[PDB]
Amino acid sequence: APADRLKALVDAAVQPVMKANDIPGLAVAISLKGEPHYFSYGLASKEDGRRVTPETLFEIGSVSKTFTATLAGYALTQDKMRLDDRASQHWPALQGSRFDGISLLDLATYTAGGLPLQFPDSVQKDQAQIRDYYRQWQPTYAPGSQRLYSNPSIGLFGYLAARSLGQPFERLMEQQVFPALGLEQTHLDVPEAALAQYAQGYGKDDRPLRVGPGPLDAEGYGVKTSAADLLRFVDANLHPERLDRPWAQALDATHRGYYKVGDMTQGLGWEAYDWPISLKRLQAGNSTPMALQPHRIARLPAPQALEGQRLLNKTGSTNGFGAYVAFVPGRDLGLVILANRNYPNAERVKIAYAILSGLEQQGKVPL
């Protein structure tokens with residue numbers, strides 16, 4: 001019965017937004033009690049007229065941070081690191097710098113002291129240049145005091161998690177994490193045999209854009225994946241216990257809240273809200289000032305399990321793409337919305353909310 005009204009519902013949620021934001025192409029995937037439903041709209045590539053399907057690859061941008069967090073959860077589970085480790089414990093080249101005093105949890109949750117949203121332009125994809133950047137960096141704020149959303153920050157957390165496991169990040173992801181989650185259409189670097197599925201991204205004036213290489217790009221924003229595979233990842237998050245125990249615990253470690261900013265509780269990768277919550281409060285939690293400005297944290301006495309009546313989500317963008325994922329453990333409901341335009345987070349949340357709230361309304365006793 002909830003599946004009955006879903007096409008009308010997703011179309012009403014999606015198409016007005018696609019029109020208002022000139023989105024060429026967009027794929028939705030929803031898990032409702034573990035049944036997958038897909039809805040594809042428009043074009044993966046304008047030039048070649050290729051339609052979006054559930055197998056189209058999209059750049060998911062910062063949604064990649066939840067995969068990064070899962071690898072870290074693995075390292076935690078395997079006793080290779082702890083969240084209270086000093087950063088420089090896992091990279092001797094950092095010993096003597098400010099990262100002697102910054103914890104892994106600080107890096108993971110953007111509280112190291114104001115690491116910038118992006119690396120400076122002058123920092124190339126090069127081990128020494130990244131190392132030298134961290135060695136010379138001086139903080140804006142005290143560690144643990146301010147949240148400033150930051151690629152160098154969770155970037156370093158992933159890179160450190162990988163060193164703790166004794167292997168490069170990309171290899172760990174490609175040979176262990178993606179195979180462990182059963183994801184065969186998920187890539188940090190799209191192989192030759194899959195390039196035909198890689199959507200074009202579209203920027204301002206329909207400039208075609210696909211993400212270029214960047215320092216710690218893999219860790220922060222590197223994943224390309226299909227709506228069907230990202231939904232599989234969401235489904236693993238909904239039911240971690242359906243995985244081989246080391247990976248169940250790894251997912252579980254990404255479902256623990258450390259502090260609040262407004263209505264949002266910060267996890268490793270995932271950000272969480274009480275459910276239900278209003279549309280406007282969820283958009284505020286996903287607002288440009290949330291991402292771009294520093295905020296004072298409300299630290300929780302103890303890590304909070306992000307379970308029950310909670311919604312966990314992550315937005316992610318690149319210059320050409322805009323992704324959003326959300327799941328509600330207490331409704332057994334997951335959702336992925338992938339587009340080849342970076343359109344505003346408030347509109348992504350608008351689509352998701354229409355879907356989530358449409359599905360909830362359906363559950364009432366007829367009176």
# chains A, B, ... in the order shown; residues from 1 in each chain; ligands from 1
call {"tool": "select_by_dssp", "arguments": {"residues": "region 192-297 of chain A", "states": "helix (DSSP H, G or I)", "output": "JSON, numbers by chain"}}
result
{"A": [192, 193, 194, 195, 196, 197, 204, 205, 206, 217, 218, 219, 220, 221, 227, 228, 229, 230, 231, 232, 233, 234, 235, 236, 237, 238, 240, 241, 242, 245, 246, 247, 248, 249, 250, 251, 252, 279, 280, 281, 282, 283, 284, 285, 288, 289, 290, 291, 292]}
call {"tool": "residues_around", "arguments": {"residues": "region 206-210 of chain A", "least_positions_apart": "4", "cutoff": "10 Å", "atoms": "only C-alpha atoms", "output": "list in words"}}
result
residues 22, 23, 24, 45, 46, 47, 58, 59, 198, 199, 200, 201, 202, 318, 319, 320, 321, 340 and 341 of chain A
call {"tool": "write_last_selection", "arguments": {"atoms": "N, CA and C atoms", "output": "PDB file, in the first residue's frame"}}
result
ATOM      1  N   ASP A  22      16.583  23.951 -13.076  1.00  0.00           N
ATOM      2  CA  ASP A  22      17.080  23.527 -14.370  1.00  0.00           C
ATOM      3  C   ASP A  22      18.012  22.336 -14.207  1.00  0.00           C
ATOM      4  N   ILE A  23      17.572  21.316 -13.478  1.00  0.00           N
ATOM      5  CA  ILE A  23      18.404  20.104 -13.253  1.00  0.00           C
ATOM      6  C   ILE A  23      18.285  19.189 -14.477  1.00  0.00           C
ATOM      7  N   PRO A  24      19.415  18.909 -15.163  1.00  0.00           N
ATOM      8  CA  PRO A  24      19.263  18.053 -16.376  1.00  0.00           C
ATOM      9  C   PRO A  24      18.743  16.658 -16.052  1.00  0.00           C
ATOM     10  N   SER A  45      23.482  12.890 -19.717  1.00  0.00           N
ATOM     11  CA  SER A  45      24.315  13.759 -20.586  1.00  0.00           C
ATOM     12  C   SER A  45      23.398  14.436 -21.602  1.00  0.00           C
ATOM     13  N   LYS A  46      23.497  15.760 -21.697  1.00  0.00           N
ATOM     14  CA  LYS A  46      22.739  16.503 -22.689  1.00  0.00           C
ATOM     15  C   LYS A  46      23.363  16.200 -24.056  1.00  0.00           C
ATOM     16  N   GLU A  47      24.652  16.483 -24.209  1.00  0.00           N
ATOM     17  CA  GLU A  47      25.341  16.263 -25.484  1.00  0.00           C
ATOM     18  C   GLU A  47      24.941  14.913 -26.147  1.00  0.00           C
ATOM     19  N   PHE A  58      26.910   9.074 -10.627  1.00  0.00           N
ATOM     20  CA  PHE A  58      26.915  10.474 -10.247  1.00  0.00           C
ATOM     21  C   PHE A  58      28.066  10.692  -9.297  1.00  0.00           C
ATOM     22  N   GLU A  59      28.638  11.881  -9.351  1.00  0.00           N
ATOM     23  CA  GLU A  59      29.556  12.295  -8.278  1.00  0.00           C
ATOM     24  C   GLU A  59      28.676  12.642  -7.047  1.00  0.00           C
ATOM     25  N   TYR A 198      29.062   7.121 -16.580  1.00  0.00           N
ATOM     26  CA  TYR A 198      29.388   8.324 -15.787  1.00  0.00           C
ATOM     27  C   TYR A 198      28.628   9.509 -16.384  1.00  0.00           C
ATOM     28  N   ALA A 199      27.686  10.062 -15.626  1.00  0.00           N
ATOM     29  CA  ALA A 199      26.903  11.249 -16.037  1.00  0.00           C
ATOM     30  C   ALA A 199      27.842  12.470 -16.211  1.00  0.00           C
ATOM     31  N   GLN A 200      27.474  13.414 -17.064  1.00  0.00           N
ATOM     32  CA  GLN A 200      28.100  14.709 -17.120  1.00  0.00           C
ATOM     33  C   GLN A 200      27.534  15.550 -16.020  1.00  0.00           C
ATOM     34  N   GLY A 201      28.365  16.356 -15.362  1.00  0.00           N
ATOM     35  CA  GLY A 201      27.851  17.338 -14.419  1.00  0.00           C
ATOM     36  C   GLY A 201      27.644  18.667 -15.111  1.00  0.00           C
ATOM     37  N   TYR A 202      26.752  19.483 -14.576  1.00  0.00           N
ATOM     38  CA  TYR A 202      26.480  20.760 -15.183  1.00  0.00           C
ATOM     39  C   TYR A 202      26.571  21.918 -14.238  1.00  0.00           C
ATOM     40  N   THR A 318      29.607  18.594  -5.822  1.00  0.00           N
ATOM     41  CA  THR A 318      30.873  18.949  -6.531  1.00  0.00           C
ATOM     42  C   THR A 318      30.488  20.165  -7.403  1.00  0.00           C
ATOM     43  N   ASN A 319      31.398  20.694  -8.236  1.00  0.00           N
ATOM     44  CA  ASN A 319      31.018  21.817  -9.072  1.00  0.00           C
ATOM     45  C   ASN A 319      29.861  21.496 -10.011  1.00  0.00           C
ATOM     46  N   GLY A 320      29.782  20.237 -10.434  1.00  0.00           N
ATOM     47  CA  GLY A 320      28.694  19.818 -11.320  1.00  0.00           C
ATOM     48  C   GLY A 320      27.526  18.978 -10.786  1.00  0.00           C
ATOM     49  N   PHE A 321      27.558  18.576  -9.511  1.00  0.00           N
ATOM     50  CA  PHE A 321      26.608  17.541  -9.028  1.00  0.00           C
ATOM     51  C   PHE A 321      26.107  17.948  -7.648  1.00  0.00           C
ATOM     52  N   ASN A 340      22.775  15.770 -11.484  1.00  0.00           N
ATOM     53  CA  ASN A 340      23.941  16.331 -12.166  1.00  0.00           C
ATOM     54  C   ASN A 340      23.820  17.831 -12.298  1.00  0.00           C
ATOM     55  N   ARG A 341      23.328  18.486 -11.241  1.00  0.00           N
ATOM     56  CA  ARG A 341      23.565  19.946 -11.044  1.00  0.00           C
ATOM     57  C   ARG A 341      23.795  20.125  -9.560  1.00  0.00           C
TER      58      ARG A 341
END
call {"tool": "residues_around", "arguments": {"residues": "residue 214 (chain A)", "least_positions_apart": "6", "cutoff": "9 Å", "atoms": "only C-alpha atoms", "output": "count of residues only"}}
result
5
call {"tool": "residues_around", "arguments": {"residues": "residue 263 (chain A)", "least_positions_apart": "2", "cutoff": "10 Å", "atoms": "only C-alpha atoms", "output": "VMD selection string"}}
result
chain A and resid 260 to 261 265 to 266 271 to 274 277 281 to 282 284 to 285
call {"tool": "write_last_selection", "arguments": {"atoms": "N, CA, C and O atoms", "output": "tab-separated table (two decimals), in the first residue's frame"}}
result
chain	number	residue	atom	x	y	z
A	260	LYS	N	25.98	18.70	19.53
A	260	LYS	CA	24.90	19.33	18.74
A	260	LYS	C	25.28	20.72	18.25
A	260	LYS	O	26.06	21.46	18.93
A	261	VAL	N	24.78	21.09	17.08
A	261	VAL	CA	24.76	22.51	16.66
A	261	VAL	C	23.29	22.77	16.21
A	261	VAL	O	22.78	22.05	15.34
A	265	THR	N	22.75	16.83	15.36
A	265	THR	CA	23.75	16.10	16.18
A	265	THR	C	24.76	15.54	15.18
A	265	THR	O	24.37	14.86	14.21
A	266	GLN	N	26.03	15.90	15.42
A	266	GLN	CA	27.18	15.46	14.54
A	266	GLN	C	27.73	14.09	14.89
A	266	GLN	O	28.20	13.85	16.04
A	271	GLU	N	24.95	13.30	9.87
A	271	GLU	CA	24.43	14.32	10.75
A	271	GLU	C	23.01	13.92	11.07
A	271	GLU	O	22.38	13.39	10.18
A	272	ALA	N	22.55	14.10	12.32
A	272	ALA	CA	21.30	13.53	12.73
A	272	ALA	C	20.35	14.58	13.35
A	272	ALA	O	20.78	15.57	13.90
A	273	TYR	N	19.05	14.35	13.14
A	273	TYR	CA	17.98	15.14	13.70
A	273	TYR	C	16.97	14.25	14.41
A	273	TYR	O	16.83	13.07	14.08
A	274	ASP	N	16.26	14.84	15.37
A	274	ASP	CA	15.05	14.18	15.89
A	274	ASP	C	13.99	14.08	14.77
A	274	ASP	O	13.92	14.98	13.89
A	277	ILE	N	10.66	16.27	12.42
A	277	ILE	CA	11.03	17.64	12.62
A	277	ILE	C	10.44	18.39	11.46
A	277	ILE	O	10.24	17.81	10.41
A	281	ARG	N	13.18	23.42	9.84
A	281	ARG	CA	14.27	23.12	10.76
A	281	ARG	C	15.26	22.20	10.11
A	281	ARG	O	16.49	22.38	10.21
A	282	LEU	N	14.77	21.24	9.35
A	282	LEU	CA	15.74	20.39	8.61
A	282	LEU	C	16.53	21.15	7.52
A	282	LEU	O	17.69	20.82	7.22
A	284	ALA	N	17.30	24.32	7.74
A	284	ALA	CA	18.25	25.17	8.47
A	284	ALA	C	19.49	24.39	8.85
A	284	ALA	O	20.62	24.97	8.86
A	285	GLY	N	19.28	23.10	9.23
A	285	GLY	CA	20.39	22.25	9.62
A	285	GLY	C	21.30	21.93	8.44
A	285	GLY	O	22.50	21.71	8.65
call {"tool": "residues_around", "arguments": {"residues": "residue 351 (chain A)", "least_positions_apart": "2", "cutoff": "8 Å", "atoms": "only C-alpha atoms", "output": "PyMOL selection string"}}
result
chain A and resi 10+13-14+17+347-349+353-355
call {"tool": "residues_around", "arguments": {"residues": "residue 1 (chain A)", "least_positions_apart": "6", "cutoff": "12 Å", "atoms": "only C-alpha atoms", "output": "list in words"}}
result
residues 32, 33, 359, 362 and 363 of chain A
